[PDB]
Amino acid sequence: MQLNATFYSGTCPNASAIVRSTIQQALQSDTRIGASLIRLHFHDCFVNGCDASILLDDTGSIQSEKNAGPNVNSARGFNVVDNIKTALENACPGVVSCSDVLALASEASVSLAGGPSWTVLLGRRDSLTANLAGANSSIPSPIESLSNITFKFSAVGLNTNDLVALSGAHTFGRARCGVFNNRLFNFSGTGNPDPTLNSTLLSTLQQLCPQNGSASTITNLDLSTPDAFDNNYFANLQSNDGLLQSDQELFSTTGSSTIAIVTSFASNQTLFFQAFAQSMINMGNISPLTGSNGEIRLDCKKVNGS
């Protein structure tokens, strides 16, 4: 079956408002939570489709994706997903899937932060299983080459236009020293820092992230506007201020089609927002469970009846 915008119209007509209100409240005590929630939809959709597989906790039969590399000591906001789900169950018992919660939460989080709105497609059902191993092989790493990140997007059905647009989600949220410290001292065995990192930002990060220091310390992905959803992410790349290798590679890779897409988005926020919305719908359409497949989870952490 197809996902559609009006799936909950007759059963939980206020779902969008409930999700948005809940995240607005969460934002008052955690300005990062919107960023964290949209990343959960990304890590969901990239493994066994947008099926809420990532939300399942370990059991005797389930090996949770929360311990997959990209998620461990990194993914967050699971409690807030639970609170969104509780609010929906209070209003609309048994109706909204956890998979749809993550799609709805992504749009709310982006719009609340000053980003675009878009028409969320709905009707996804929740998996009965998790895929930790697939998370380890399917989700791109910040130190991968542009060609290998591109390959991982293509394997789930997103193209280069989608990659550059969706990378703009790094306009908000945080990253730890450990996922960019290879840039700072001895980049790829060369004995020198990554030359595509601005020397000013370099010295700031060397002090934040000393060689013998903690890899868990965080900074902002977007030093311009850390919590605001805007095109500043792309402007940063133009001044060698992207934080991850995978960020800066979009602009600094010689002869890459991605350079012009970066400059389009830096030059025109409307074009960025239009592309971002379309690419989020594209990502949200990856391998949904529909009809009899999957279930509607009561509690996003566990399968029904368990």
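Position 1 is the first residue in the sequence shown; the rest follow in order.
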{"query": "Of 196-204 and 74-82, the one with larger mean CA B-factor", "finding": "196-204"}
{"query": "Greater mean Cα temperature factor according to the PDB record, 132-140 or 163-171", "finding": "132-140"}
{"query": "Residue with maximal Cα B-factor (values as given in the PDB entry) among 245, 274, 258, 238", "finding": "238"}
{"query": "Criterion, highest CA B-factor; candidates, 92, 108, 228, 122", "finding": "92"}
{"query": "Chain thirds of CA B-factor: placement of residue 254", "finding": "middle"}
{"query": "Chain third (lowest, middle, highest) by recorded CA B-factor, residue given as residue 52", "finding": "lowest"}
{"query": "Chain thirds of CA B-factor: placement of residue 219", "finding": "middle"}
{"query": "Third of chain Cα B-factors occupied by residue 24", "finding": "highest"}
{"query": "Among modelled residues of the same chain, the CA temperature factor third for residue 6", "finding": "middle"}
